[PDB]
Each structure stands twice: as structure tokens, then as C-alpha cells.
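Asker: Below are the C-alpha cells for one structure; questions will follow.
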Amino acid sequence: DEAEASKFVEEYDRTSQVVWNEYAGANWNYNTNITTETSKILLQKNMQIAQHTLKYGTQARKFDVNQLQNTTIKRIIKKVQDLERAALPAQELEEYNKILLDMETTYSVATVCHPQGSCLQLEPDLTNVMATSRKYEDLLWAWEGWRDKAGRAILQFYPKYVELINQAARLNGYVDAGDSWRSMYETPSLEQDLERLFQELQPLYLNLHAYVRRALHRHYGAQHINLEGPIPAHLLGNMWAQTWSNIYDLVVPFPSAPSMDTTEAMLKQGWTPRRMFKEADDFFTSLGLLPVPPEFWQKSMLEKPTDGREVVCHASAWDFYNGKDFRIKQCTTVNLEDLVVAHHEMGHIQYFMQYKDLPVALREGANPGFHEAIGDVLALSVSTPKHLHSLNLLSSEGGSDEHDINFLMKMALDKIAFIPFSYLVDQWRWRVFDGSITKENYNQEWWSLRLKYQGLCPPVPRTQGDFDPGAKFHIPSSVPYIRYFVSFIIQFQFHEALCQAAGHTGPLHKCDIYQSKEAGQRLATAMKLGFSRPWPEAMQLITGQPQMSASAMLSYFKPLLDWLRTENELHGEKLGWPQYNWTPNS
Ligand SMILES: *[C@@H]1O[C@H](CO[C@@H]2O[C@@H](C)[C@@H](O)[C@@H](O)[C@@H]2O)[C@@H](O[C@@H]2O[C@H](CO)[C@@H](O[C@@H]3O[C@H](CO)[C@@H](O)[C@H](O)[C@@H]3O)[C@H](O)[C@H]2NC(C)=O)[C@H](O)[C@H]1NC(C)=O
Ligand SMILES: *[C@@H]1O[C@H](CO)[C@@H](O[C@@H]2O[C@H](CO)[C@@H](O)[C@H](O)[C@H]2NC(C)=O)[C@H](O)[C@H]1NC(C)=O
Ligand SMILES: O=C(N[C@H]1CCS[C@H]2CCC[C@@H](C(=O)O)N2C1=O)[C@@H](S)Cc1ccccc1
Ligand SMILES: O=C(N[C@H]1CCS[C@H]2CCC[C@@H](C(=O)O)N2C1=O)[C@@H](S)Cc1ccccc1
Ligand SMILES: O=C(N[C@H]1CCS[C@H]2CCC[C@@H](C(=O)O)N2C1=O)[C@@H](S)Cc1ccccc1
Ligand SMILES: [Cl-]
Ligand SMILES: [Cl-]
Ligand SMILES: [Zn+2]
């Protein structure tokens, strides 16, 4: 009967709110205070939430969702039938929870030490070395050292993690954990759709890569850069070479049109982490969207503690499943890169507030890419030179074609360079999960993809025992990655649509949607759906059509594509890395 199924979902919602709120609290308390005691409590709460998931999931599987008429009830029940790791026998469940905590903790406490010298943490110390050092050997020390300490230490856990996450997936009716993850998109054509989008971005990426490679050749020397080969992976300003904008100084298209040092401007003008989040809050409310609650300011961790606590620094946003308590945990540094991250995280909080009155089972983004995209959309407007000048972080840069191309390059170094990285991470993990890549070949297959998609090579040959994927947060934390590929594509579609709704004319990259209530309304209507409808409906509400499409990103960067093609042709660049086997001689 429809009536027993409606009652079931009402009971599930009531009880899940309580249990999920308790689990979220214990998880937060460990993430913001890594201790033996908080780990023990977290593992205990893990068994408590598993008992609830098993109880209600077992009930849900007694309903034949075929017979169910109401589609929202059918949708909730189908979801609750997936027990996730609560499908595991008790011993394997305890083992999985411990392995996950061990991997997460290992990553978040790893340090890289000089001999009889200081020990560096990833945030801020190694991040700053990668961003600012311009000495090959110092960058190599940080790049190799991080992999030696964090990556190699994850390897002992990863095969058993794979076994257990796959076992749970099979117990819930999937073939492996990658199948489970991909199912979040409810899109049978997902793999083909993502491949087509990746291929559309190749002209831009290959041209950007060749131009940056030439600039690296100029700085690091002809003996260290092959103009027809892959780029050494430690030279791009970022530990993972996933975003390249920190080497803007090495690649600036028009050096005669310099930009104000934004870090020094933020520091000289007294910006703090709290100010950064307040500015993001102001952008959301300028669109008519919701302010974060007072409680957010009391309870969030917006900077690394100075009091002796060890924490998980990697920035993240937290819903406590009570409609009131939402928090960010970020070890914020005062610079423009982290201002963008603060917007990314504030977008999650906005989504949490928008869907807070849906049943908890539907309190998720339309798909995981939508969740990661919202804050980045607003940050596209914040990042415009006009907006940054309004914040007194740049001088006036308008009315200058040189400044225009410089800005597009700054944006491409992050947004375009990230496309191949974000594509490859779960290409690797899906093949680990499906058994195509074994522990014998984890690292070799990672580097084959880093070459194939990003055109990068490791500066030091890898050795048996290396596990470089473990040195990237999302791997030991079991956070899917294709969401970020989707996000980077769709955030430009959203920007284009919101700019049109705001009445902007002229080139897309000049748009700033600040204060547009029409733009806010598009976003709010879509976010309020949560996970209640197939994601093409939310896509339609924002953009006027239902597909994912690279057209908006291509339009944004069209003037830079034209500039890059002319520049690369002038210098005779060979796009790609036809000398694909090249690696550094020294
Ligand atoms: C299929 O069932 C859904 C879900 O119904 C809700 O959840 C069930 C478990 C039961 O507890 C129901 O009693 C309960 O309504 C129906 O969706 C719901 O429809 C109602 C009626 O339009 C929506 O009410 C609105 O609520 C807002 C505030 O939240 C008011 O301001 C509005 O004026 C309006 O009254 C409700 O939001 C909506 N809920 C969800 C989660 O979608 C759905 O109508 C039903 N389908 C059919 C064809 O009957
Ligand atoms: C970090 O975690 C430790 C361990 O849970 C906290 O110390 C506990 O604090 C509670 C309440 O303050 C006491 O009831 C326990 O007896 C304490 N346990 C130990 C082993 O000291 C500590 O307060 C936490 N720090 C922060 C800043 O939250
Ligand atoms: O993405 C996430 N959670 C995903 C992880 C990848 S798989 C996916 C599909 C199958 C069911 C369930 C499973 O893990 O088994 N599930 C998840 O929880 C976290 S970051 C955000 C989120 C939280 C709650 C609900 C939805 C999203
Ligand atoms: O997404 C996240 N954090 C950001 C912070 C930096 S910006 C952003 C965009 C670029 C791609 C990706 C990157 O840095 O690898 N990324 C992030 O990881 C968090 S909300 C993911 C998470 C969710 C729940 C629990 C734990 C983590
Ligand atoms: O939300 C996530 N991961 C969830 C997936 C859905 S189930 C949930 C409840 C039971 C315990 C635990 C489990 O069984 O894996 N768990 C998860 O890890 C990831 S994406 C985000 C995240 C990562 C690290 C710390 C905090 C958040
Ligand atoms: Cl790597
Ligand atoms: Cl995903
Ligand atoms: Zn995020």
C-alpha cells in the first residue's frame, strides 16, 4: 500500500535526522581535534549510524518499489535500500571504518622534515613552497618529500580498502564501488558524455600546455624542459599540478600590463579569514540568497588552530542535518586563491540552507557536480578585474586589451588546466575498483594517465613502494572526484545563464553578477529541488536547457584560444607530447 510506504519514509526521516546529527558532531569533533579519544568516539558513532542504516535499509528492501505510485516516496525508498558499508558483516564493517580513519589521519598529520631542521606540514608550508619557489631542486624536495611521507604511508591500507568498499557495493547490488559512485548521476551515458566534454576542451588545453611549457623552458633551462615532451610535474605552482595559476609570474602574456600583488594588498588592508567569508556571505545575499546563520560564525573553524590541536586542514563544508547548524572547516590563508576556496565552501552552505526542508534522503545536490559548482559560479564574478578593483585588491585594469588577455590567462591556468586532472583521477579509481588495475600496477597506471591526459611526467622516476595517488586528499578520504570535472564544466554554463538573466551584454568573461536578484532566483529555484528530481530538471531551471555542455566554457575562453593559437604558431610549437616517453635526465 502507498500508505505503509509513506509512513515508512516519515519514520526514516525523523530518526535519520537525530542519528545523522550525532554522527556529524562526532566526525566534526575528530576532524577539528585529532586525538585518541575523539577517534574512539567517532568509531563508536560509526557503529551507531550503521545500526540505523541496517534497520531502515532492511525495512526499505521489503517494499517492491515497482508497485509504488507516488514517485517521491518511490525515490526515497529506492535510496534507503542501499546500505552502503552497513551491508558488511560486523567484523568487516569495523575493519573498514578503522582503515578509513587510519588513511585520513595519516594524510592529515604527515610532515616533511629537513635533516636536523624544521618539519613542514602540507597546509600552509608545502603549499607555499610549491606556489612561490622558483628553484627546481627546492620544488623537487617538497614534491618528492610529500609523496614519500604521505603517499607511501597510504599504500599499506589501500588494497584492503578496495576489497571492503567493493564488497559493500556488491552487497548493495552494484558490480563494484566505481559502479556505485557513477550511479549518483543517474545517467546511463555518463562515461560517453564526459569523454565528449573532455575532447571538446582539448584545443584549449593543448594550446595552454604548449605555451606554459615554452615559458618553463625559458625559466628552468633548455636542459630541463623538452619542448616536444611532457612537463615535469613539480613546476606548475601546485602540489598536484592540478591548477597552474601560481606560476602566472612565469607566463604573463603582457608583462607591460602588470597586476597589483593581491596577497600583499589583502595583508596591507587587514583582510583576515573571517573577512573573506563575510565577503562571500555578502555576495550570496546581494543575489537575494540566504545569509549564513549566526551559529555558523560561532561554530565554524575558519583558520588553523594555534592552540596545539591537530586538525584535518583540507577545506570542507558540513551539514549537521537539523536545518540550523552548518559549518565550514578550512585552514584559511589570506590570499586570493583561498578567497576563491572560501566562496566554493560557502556555496555548499547555501545549498544546505536551500534544501533544508526536504526529507534528509533528498538533501543532496541535483548531482554531486552541482554541489561543487555553486560557490565557484559566484567566484567567477568576484575574480573579474572590475570586482577585485572594487575590493581594492587590483588597480584599474579596464580599457586594455593587454590586461584582458592577461586576465583570461590567469583564469585559464586554473580552470582549463584542471580539466584533464579532474578527468583522470576517477578514470584511475574506476579501474582500481573494477579490478583492471591491481596493487602491482597502481602507481604505473596513475602515471600513464598523468601522461595521457595532462601531458606531465614525474621529475624523479618512481620506485616500487611509491603510491602517489595517496598523496592527494580525496584518495585516502574516499571522496569521489569526477564531481569536480562536472563542476568545472557546468559552472561556466551557470555563469553564462545568470549573466544573461542579469542583462549583461558583451564578452562573457567581463560579466559580474553582483547584486542581481534575477540571477539569485535562478539558482535558488534549482537548489531548492535538492535531489528530488533528475538533475536535468535543475539544469533546465538555471540555463533554459537540460544538457551538460562545454559551449559556455569555450565561449568564455574564445579570445584566449585565438591569442594562444597565434602565439604558439609564431614560435612553432608542436602541440601535445609526441615525445611521450621523455623524462628528465637530471
Ligand atoms: C508524492 O508525495 C510527495 C511527498 O509528500 C510528503 O511526504 C510524504 C511522505 C507524506 O508525509 C505527505 O503527507 C507529504 O506531503 C508529495 O510532495 C509534497 O506535496 C505537497 C503538496 O503540494 C507539498 O506541499 C507544499 O509545502 C510547502 C512547504 O513545504 C508549502 O509552502 C506549499 O504551499 C505546499 O503546501 C510538499 O512540499 C511536497 N513535498 C515534497 C517532498 O515534494 C507529492 O505531492 C506526491 N505526489 C502526488 C502526485 O500526489
Ligand atoms: C580535544 O579533544 C580532547 C579529547 O576528547 C578534549 O579533552 C576532553 O575534554 C572533555 C570536555 O572538555 C573532557 O570531559 C575530557 O575528560 C577530556 N579528555 C581528555 C583526554 O583530556 C579537548 O577538550 C578537545 N579540545 C578542543 C579544543 O575541543
Ligand atoms: O559523495 C558523498 N557520498 C556518496 C559517496 C559516493 S557513493 C554514493 C552513492 C551510493 C550510496 C552512497 C555510498 O557511499 O555508498 N554514496 C555516498 O554516500 C558525500 S562527499 C556527500 C553526500 C552525502 C550524503 C549523500 C550524498 C552525498
Ligand atoms: O571540495 C572540497 N574541498 C575543496 C577545497 C579546495 S577547492 C575544490 C575545487 C578544486 C578541486 C578540489 C581540490 O582541491 O582537489 N576542491 C576541494 O577539494 C570539499 S567541500 C570536499 C569534501 C567534502 C566532504 C568532506 C571532505 C571533503
Ligand atoms: O561523506 C563522505 N563519506 C561518507 C559516505 C557515506 S556513509 C558515511 C556514514 C558511515 C560512516 C562513513 C563510511 O561508512 O564510509 N561514511 C562516509 O565516509 C565523503 S564523500 C566526505 C567526507 C570524507 C571524510 C570525512 C568526512 C566527510
Ligand atoms: Cl602525483
Ligand atoms: Cl562524483
Ligand atoms: Zn566542495
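By convention in this document, the chains of the C-alpha cells carry letters A, B, ... by their order, each chain's residues are numbered from 1, and ligands are numbered from 1 in the order they are shown.
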For residue 166 (chain A), find every residue with an atom within 8 Å (counting only C-alpha atoms), except residues of its own chain fewer than 5 positions away, and show them as a PyMOL selection string.

Answerer: chain A and resi 175-177+433

Asker: Considering only helix (DSSP H, G or I) as DSSP defines it on the backbone, what residues of region 147-360 of chain A qualify? List them as an MDAnalysis selection string.

Answerer: chainID A and resid 147:154 158:171 177:185 190:200 202:220 222:224 245:251 262:268 273:286 294:299 336:354 360

Asker: For residue 435 (chain A), which residue among A:482, A:520, A:163, A:268 is the nearest when counting only C-alpha atoms?

Answerer: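 Of A:482, A:520, A:163, A:268, the one nearest residue 435 (chain A), counting only C-alpha atoms, is A:163.
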
Asker: Write out as an MDAnalysis selection string which residues come within 6 Å of region 356-358 of chain A when counting only C-alpha atoms, dropping same-chain ones fewer than 3 positions away.

Answerer: chainID A and resid 323 352:353

Asker: Nearest residue to residue 211 (chain A) out of A:186, A:252, A:115, A:130, using only C-alpha atoms?

Answerer: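 Ranking A:186, A:252, A:115, A:130 by distance to residue 211 (chain A), first place goes to A:252.
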
Asker: Using only C-alpha atoms, what table do you get, as CSV, when you list each residue of region 468-514 of chain A with an atom no more than 8 Å from region 399-420 of chain A, its nearest pair of atoms, and their distance in Å rounded to one decimal, rows by chain then rising number?

Answerer:
```
residue,atom,partner,partner_atom,distance
A:485,CA,A:419,CA,6.1
A:488,CA,A:415,CA,6.9
A:509,CA,A:408,CA,7.8
```

Asker: Neighbours of ligand 1 within 10 Å, counting only C-alpha atoms and all ligand atoms, as a PyMOL selection string?

Answerer: chain A and resi 2-13+69-76+357-362+529-530+532-533

Asker: Taking only C-alpha atoms and all ligand atoms into account, list the residues no farther than 9 Å from ligand 8, as a ChimeraX atom specification.

Answerer: /A:315-317,341,344-345,347-348,371-373,375,484

Asker: Based on the selection just made, write C-alpha atoms of those residues as a short mmCIF file (atom, residue, chain, number, x, y, z; two decimals), in the first residue's frame.

Answerer:
```cif
data_model
loop_
_atom_site.label_atom_id
_atom_site.label_comp_id
_atom_site.auth_asym_id
_atom_site.auth_seq_id
_atom_site.Cartn_x
_atom_site.Cartn_y
_atom_site.Cartn_z
CA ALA A 315 38.69 22.69 3.25
CA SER A 316 35.17 21.29 3.62
CA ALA A 317 31.55 22.19 4.38
CA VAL A 341 38.06 28.42 -1.96
CA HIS A 344 33.47 27.34 -3.07
CA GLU A 345 32.76 26.31 0.53
CA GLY A 347 28.28 27.63 -1.96
CA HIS A 348 27.88 24.30 -0.14
CA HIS A 371 27.05 20.89 -5.22
CA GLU A 372 30.69 21.63 -6.03
CA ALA A 373 29.74 24.27 -8.63
CA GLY A 375 30.27 28.78 -4.94
CA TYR A 484 34.91 18.37 -9.94
#
```

Asker: Excluding region 212-223 of chain A and its own-chain neighbours fewer than 4 positions away, which residues fall within 8 Å of it when counting only C-alpha atoms? Please give them as a count of residues only.

Answerer: 7

Asker: All residues within 12 Å of ligand 6 are required, counting only C-alpha atoms and all ligand atoms; please report them as a PyMOL selection string.

Answerer: chain A and resi 143-148+150-152+232-234+238-242+421+424-425+442-451+454+456-462+466-473+475

Asker: What residues have any atom no more than 8 Å from ligand 7 when counting only C-alpha atoms and all ligand atoms, and can you list them as an mmCIF file with C-alpha atoms, in the first residue's frame?

Answerer:
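Result went into pocket.cif, see below:
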```cif
data_model
loop_
_atom_site.group_PDB
_atom_site.id
_atom_site.type_symbol
_atom_site.label_atom_id
_atom_site.label_comp_id
_atom_site.auth_asym_id
_atom_site.auth_seq_id
_atom_site.Cartn_x
_atom_site.Cartn_y
_atom_site.Cartn_z
ATOM 1 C CA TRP A 181 29.784 6.092 -7.431
ATOM 2 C CA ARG A 182 28.810 6.640 -11.077
ATOM 3 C CA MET A 184 24.927 9.086 -8.265
ATOM 4 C CA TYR A 185 24.455 10.829 -11.621
ATOM 5 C CA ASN A 367 24.134 15.657 -8.778
ATOM 6 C CA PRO A 368 27.470 15.930 -6.959
ATOM 7 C CA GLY A 369 28.839 18.288 -9.615
ATOM 8 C CA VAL A 479 35.796 11.287 -1.802
ATOM 9 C CA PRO A 480 34.804 10.840 -5.483
ATOM 10 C CA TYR A 481 36.486 13.199 -7.935
ATOM 11 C CA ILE A 482 34.501 13.266 -11.210
ATOM 12 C CA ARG A 483 32.173 15.750 -9.461
ATOM 13 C CA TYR A 484 34.905 18.370 -9.939
#
```

Asker: Please compute the CA of residue 107 (chain A)-CA of residue 121 (chain A) distance, one decimal, in Å.

Answerer: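 Rounded to one decimal, the two atoms are 10.4 Å apart.
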
Asker: Can I get the residues close to ligand 5 as a PyMOL selection string, where close means within 10 Å and we count only C-alpha atoms and all ligand atoms?

Answerer: chain A and resi 20+23-24+27-28+30-31+42-43+45-50+53+83-88+93-94+96-101+104+165+168+181+312+314+316-318+368+473-481

Asker: Quick one: DSSP strand (DSSP E or B) residues in region 114-261 of chain A, as a count of residues only?

Answerer: 5
